[PDB]
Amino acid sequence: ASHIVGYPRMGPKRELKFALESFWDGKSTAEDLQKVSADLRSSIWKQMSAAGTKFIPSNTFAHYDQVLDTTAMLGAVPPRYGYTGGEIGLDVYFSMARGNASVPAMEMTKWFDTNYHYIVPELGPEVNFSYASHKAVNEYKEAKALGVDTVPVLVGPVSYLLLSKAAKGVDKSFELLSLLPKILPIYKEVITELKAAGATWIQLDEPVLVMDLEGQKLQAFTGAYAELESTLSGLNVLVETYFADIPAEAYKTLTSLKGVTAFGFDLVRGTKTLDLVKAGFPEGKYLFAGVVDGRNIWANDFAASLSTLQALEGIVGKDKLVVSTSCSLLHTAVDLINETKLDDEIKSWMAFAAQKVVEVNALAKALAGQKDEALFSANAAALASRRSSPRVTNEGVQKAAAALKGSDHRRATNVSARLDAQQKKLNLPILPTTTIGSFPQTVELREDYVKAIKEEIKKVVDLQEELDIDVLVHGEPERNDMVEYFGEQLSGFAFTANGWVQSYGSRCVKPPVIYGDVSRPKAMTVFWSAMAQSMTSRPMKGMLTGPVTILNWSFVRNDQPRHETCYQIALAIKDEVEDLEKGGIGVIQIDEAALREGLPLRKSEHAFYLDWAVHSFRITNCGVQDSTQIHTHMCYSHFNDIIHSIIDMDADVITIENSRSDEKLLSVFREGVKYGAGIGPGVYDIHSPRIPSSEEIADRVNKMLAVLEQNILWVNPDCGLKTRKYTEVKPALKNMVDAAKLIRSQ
């Protein structure tokens, strides 16, 4: 049998994207949107079954988020929204989702370790839970009436609570898992209506079981399914887990939960679970083998899969083994059959969702003796291509056996005995002003030199006149996507035409694709950066994108360990740094916006990640002078749990985030750490259109002088000004300089 754990909910050409925004625009109504949603929903079920898909999921579709879909299912709507009861419709739903013009929208956080963000529920002891949304049962019927039987996918009761958060007031000591009693009754009613409509299988998504859970929490799972058993009578229950391997303890709790008859394992990222199963599995319980990476974009190693699936068939195979995606296809793109610009051979090497739906089957039939030989013949051939094609392997893939020359710390020169030189070369005043990288746009017409400069010099003619700014920037005009920019200008980067993935709400991201060994044969920055530092007699911050960000925000190849690719990228950058140097750019800022992003969900693994991660950064500027100043830029307000790694990046002046945090948190530097190096946390919120005050800045900018060590303190924004209007930033920045001035004055 075959099974897909989840599917994208936007469309092949992002139909729901515009249908969604549209309704919110006010240029379309429910009826029309509903028309679209249901239509897309139909096309998916139809598309899925017609491929042979045995277990087709329903309820994966969402108007915004799945955890919200379940927040409405439990009527767990926040007070400030004014819900009185009854069936929750587009009003209350989209409120919570994106707020209205009188109340704010709920907080969204990252989905486990994915590039997806969900809407964290706000729970507490005073919320009145109720069956407020028949989306599940409704969709089940819709699919049945269309001729296709589906498996309702529900977010596990306990994962739901663990993923939630206690809303304001709820005293610190309140345990969220203390609500299992108020929510479980509702799960029952829902599970009852599904049995009632015909459902013969259900799916509780309990991904949190792949997390490091304490025995008391693991035990929380046990009490839920115990209490659920009766309602689960006569009904196959598939409990899904994904993104990592299951801890041996979690494996015990899982494989012994009540009513659960099937178990979903992510065997792409959690093959380590293979052992646990190899060493013991329930009897007549199913094992959905998640061997088809629904998380990347590459074809599957059909052969490999069969080996894995076969031995699995070994353990059981008595018809209890089901082929499945490693996780929800929500995390991969839709149709690779919308990838035109991409040459043949390369695409021959990729497979998006729709394509993956099919693989699951070629592998399901091949395990049932229906092995469509024409598929493996082609696959294996495409595998052959990739592993050979000189578009992959290289001699750059040799400059690596030299990076084994011990670490790559920036040439002894303790940053402290290095600042002494950087300053000399450019005498800057205490609390040096500056920006982050990007700048607001104008007309913006989608030669180019005569025009490009016109804008760059205005960006500079401004930086100068405008609030001095001890160090200006070129405002990244020539760069749309800070990661794409460099990809197009690189070796192992291909770009897809319609390969989109969702990020949150109606928003998405088309990540560059890293197919082979990265390499920068020609100068990328230099030109524009050099052109900029000549239009002034002030330090100019050269601009680069750290190799960790690039890696993360891009579909990296599943053939060699991340870092290995990360490093290749790190080396490529090492150039543009020593060229903006030769070129004559003094100060240079390298940014790592997505550094914490690639953090493994398994705690004993954070160490290894942060390792190659921060090292690859060094590898970028380890061949730089002692007078060449370096700035790193990360988009985080928290480093408390990763302050050491910041200390190992060896940045002369690191610029991070802040704006809406404490002035005291900054002592995570001045405590048992002793950073001792230019630090610059943001003093102006750029996601808040609204202008700040000269008075507001210079006081918090004083609450840094007294929490840090004003003597290595910088004055910069919060992040690039790319998404702020010139009118919102002009008065704004101006007030960020006056602050330093005064404060200095004394």
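Numbers for residues come from their place in the sequence shown, where the first is 1.
The mean Cα B-factor in the deposited entry runs higher for 382 to 390 than for the other of 177 to 185 and 382 to 390.
As listed in the deposited structure, the average C-alpha B-factor of 657 to 665 and of 589 to 597 is greater for 657 to 665.
The PDB entry assigns the greatest CA B-factor among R507, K454, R557, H606 to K454. For the set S693, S43, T60, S49, the maximum C-alpha B-factor listed in the entry falls on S693.
Sorting the modelled residues of the chain by their CA temperature factor places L490 in the highest third.
Annotation for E214: CA B-factor lies in the middle third of the chain's modelled residues. The entry lists a Cα temperature factor for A698 that places it in the highest third of the chain's modelled residues. For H134, the recorded CA temperature factor ranks within the lowest third of the chain's modelled residues.
Split the chain's modelled residues into thirds by C-alpha temperature factor. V683 is in the highest one.
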